[PDB]
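First comes the structure, then the notes that go with it.
Residue numbering restarts at 1 for every chain, and letters A, B, ... go by the order of the sequence lines. All values below were derived from every heavy atom in this structure, side-chain atoms included, with hydrogens, water molecules and symmetry-related copies excluded.
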Amino acid sequence: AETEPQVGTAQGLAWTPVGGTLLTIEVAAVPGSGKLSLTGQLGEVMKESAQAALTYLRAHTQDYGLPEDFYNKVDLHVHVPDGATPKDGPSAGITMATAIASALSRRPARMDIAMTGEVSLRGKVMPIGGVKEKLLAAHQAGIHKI
Amino acid sequence: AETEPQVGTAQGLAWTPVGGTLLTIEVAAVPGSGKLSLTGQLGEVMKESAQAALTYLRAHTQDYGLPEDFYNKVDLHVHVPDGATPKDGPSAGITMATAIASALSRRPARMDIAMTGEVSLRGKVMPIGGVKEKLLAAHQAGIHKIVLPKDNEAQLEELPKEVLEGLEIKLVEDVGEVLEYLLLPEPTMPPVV
C-alpha cells in the first residue's frame, strides 16, 4: 500500500487463480480536444466499464465540481500499470470512477482504502465475484478499509 | 557506442535469449497537427510505453521548458532502428521519455549513458527484467555509466566483481531525475514552432 493521498490515482483489487492482488489505476487529464486513451493491456469489458464511468460523470457534472465543458476540451488517459500483464473484467468500475473524478476535479483521492464494484450508467453499484481472495489480498498489504 | 551528444536520440538496452544488445531510439519533431507515428516494427506494449511517456510530458511542460502547445502544433515520429527486427516489451520507457524531451526542448541528450526502466503515468520508474545481460552488453560496447531503477538494486550482485568496479550506476525512482541527469542544460537548435 501507499500512504499519501494522490491526485488521479485509486487503489483496487484483482482476482487471479493463485490469489488476489492489488491493482492501481492512474489517470491523467491534459488539455486537448476530447479523447480517451486506455492503456495497460486492457480487455474489452474493462474498456466498456471505463466508458460507462465517464458517461455517468458527464451526466452529473454539477454535483462533484467538475468543469462544465471537459468533454471537448480535455484528453483523458487511463493507464493500468504494469504493461505486459493482460487485465479484464467488469469489477473495476468504481475504481475508475473515483480516479477519473479525482483527475478532473483536482481533489486528491485517498489511497488507504481499497475498493471494488461494477458500475452502471445510472451510477449504481452492482455485485462482483471473488470477494474472499480480494479481501485477503487487501489484508496482507496492510489496508484496513474496504 | 556513440560519443557526441545528439538531439532527440537516446541509448537504451535490450535483451534477446542470445544476449544483450544496444537499442537506439530516434525521435523527430516537425511542424504539424499533432500525430504520433511509431515505426521500426514495434510491439503493442512498446507503443503503449511511448504513449504513456508522451502523456507524462504533456502535463509538465513548464518544468522542462517544452513549448506550451505542442499537442496540436507538432507531429512526432519515433523510430527504433533497424526496420527489419521486431521489438517489444515495457522496459524501454524512460529512454523514450528522454528522446522525446530532447527532441521537443531542443536540448542534446548525452549518449555515453545507457538507461533502462519502465515509466508510469505519474512519472514513476518501475523495475525491469534481465539486468545482467543488459549491463554486460553495455560494458562490452564501451559505455561506463548506467541509469537503473531503485528496485533493481538486488539484481546487481549477479554480476562479476570486475564489471561492477568499472561501471557507475545511478539508481533513480522518478523520471525527473533521469531528465535532469541526461539532458545538457543549453538549447542548441532553434525550436520547432
Side-chain angles (χ1 to χ4, degrees), chain A residues 1-29 38-43 45-66 76-83 85-146, chain B residues 59 120-127 150-151 173-174:
Chain A
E2 55 187 0
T3 60
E4 297 294 325
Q6 294 294 322
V7 177
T9 307
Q11 184 63 253
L13 300 168
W15 183 83
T16 60
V18 299
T21 183
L22 299 177
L23 60 79
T24 298
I25 289 172
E26 54 191 2
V27 297
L38 298 167
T39 59
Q41 290 292 107
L42 300 179
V45 183
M46 196 166 180
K47 293 183 177 182
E48 291 176 352
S49 66
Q51 298 174 1
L54 183 58
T55 301
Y56 173 72
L57 291 175
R58 287 172 65 184
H60 296 87
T61 184
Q62 298 178 359
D63 295 332
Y64 309 109
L66 303 180
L76 287 169
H77 190 188
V78 182
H79 182 68
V80 187
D82 55 354
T85 302
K87 288 174 278 292
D88 197 359
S91 67
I94 295 300
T95 313
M96 288 179 179
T98 302
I100 292 167
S102 180
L104 290 170
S105 66
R106 300 297 185 187
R107 293 191 287 167
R110 51 189 289 174
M111 295 298 291
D112 57 350
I113 294 166
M115 72 192 75
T116 178
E118 179 182 357
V119 71
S120 73
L121 199 64
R122 284 172 292 174
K124 193 171 181 179
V125 188
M126 291 190 288
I128 57 166
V131 176
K132 185 251 190 67
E133 288 85 3
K134 291 175 183 178
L135 293 180
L136 290 176
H139 187 267
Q140 292 295 113
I143 297 169
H144 301 293
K145 291 175 185 292
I146 308 298
Chain B
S120 74
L121 199 64
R122 291 176 293 172
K124 300 290 182 67
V125 182
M126 290 179 178
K150 183 68 183 297
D151 295 332
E173 62 187 1
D174 52 351

Using every non-hydrogen atom in the two residues, find where [X] and [Y] come nearest and quote the distance to one decimal.
X	Y	answer
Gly117(A)	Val125(A)	CA-CG1, 4.3 Å
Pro81(A)	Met126(B)	CB-CE, 3.8 Å
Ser120(B)	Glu26(A)	CB-OE2, 3.3 Å

If you round to the nearest 0.5 Å, how far is [atom2] of [Y] from [atom1] of [X]?
X	Y	atom1	atom2	value
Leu57(A)	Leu66(A)	CG	CG	6.0 Å
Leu121(A)	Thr55(A)	CG	OG1	6.0 Å
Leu38(A)	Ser49(A)	CG	OG	9.0 Å

By side-chain contact (heavy atoms from CB on, under 4.5 Å) - contacts of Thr39(A) (at least two apart):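 By the side-chain contact (heavy atoms from CB on, under 4.5 Å) rule, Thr39(A) matches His77(A), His79(A), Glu48(B), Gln51(B).
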
Does any pair with a residue in [range] pass ring-ring contact (aromatic ring centres under 6.0 Å, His included), and if so which ones, sequence neighbours excluded?
range	value
residues 90-127 of chain A	none
residues 124-146 of chain A	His139(A)-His144(A)
residues 99-137 of chain A	none

Return a table of donor-acceptor pairs under 3.5 angstrom between the side chains of residues 3-24 of chain A and protein atoms on other chains or two or more places apart.
residue: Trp15(A); atom: NE1; partner: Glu133(A); partner atom: OE1; Å: 3.4
residue: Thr16(A); atom: OG1; partner: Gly19(A); partner atom: N; Å: 3.4
residue: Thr16(A); atom: OG1; partner: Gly19(A); partner atom: O; Å: 2.3

Between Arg122(B) and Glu173(B), does a salt bridge (charged side-chain N to carboxylate O under 4.0 Å, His left out) hold up when you go through it step by step? CA-CA 11 Å; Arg122(B) 291 176 293 172; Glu173(B) 62 187 1; over 6 Å; no

Has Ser105(A) got a side-chain atom pairing as donor or acceptor with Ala101(A)'s backbone, closer than 3.5 angstrom?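 Yes, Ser105(A) side chain to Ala101(A) backbone: donor-acceptor pair under 3.5 Å.
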
For residues 87-97 of chain A, dump all side-chain donor-acceptor pairs below 3.5 Å to protein atoms at least two apart in sequence or in another chain.
residue: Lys87(A); atom: NZ; partner: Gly40(A); partner atom: O; Å: 3.4
residue: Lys87(A); atom: NZ; partner: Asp82(A); partner atom: O; Å: 3.0
residue: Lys87(A); atom: NZ; partner: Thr85(A); partner atom: O; Å: 2.4

Report the C-alpha distance between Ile143(A) and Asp112(A) in whole Å, list the side-chain angles of each, state the deciding distance to 0.1 Å, and finish with yes or no for side chain to side chain contact (heavy atoms under 4.5 Å, CB included). CA-CA 6 Å; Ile143(A) 297 169; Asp112(A) 57 350; 5.7 Å; no

With a 4.5 Å cut-off on side-chain heavy atoms, are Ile146(A) and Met115(A) touching?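 When only atoms from C-beta onward are counted, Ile146(A) and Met115(A) do not touch, as no gap falls below 4.5 Å.
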
Quick one: does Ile100(A)'s side chain get under 4.5 Å of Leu54(A)'s, heavy atoms only?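 Yes, at least one pair of side-chain atoms sits under 4.5 Å.
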
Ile128(A) and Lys134(A): side chain to side chain contact (heavy atoms under 4.5 Å, CB included), yes or no, with the steps? CA-CA 11 Å; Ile128(A) 57 166; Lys134(A) 291 175 183 178; 3.6 Å; yes

Would you please indicate yes or no on a ring centroid separation below 6.0 angstrom for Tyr64(A) and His60(A)?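 No, the ring of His60(A) stays outside the 6.0 Å limit from the ring of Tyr64(A), centre to centre.
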
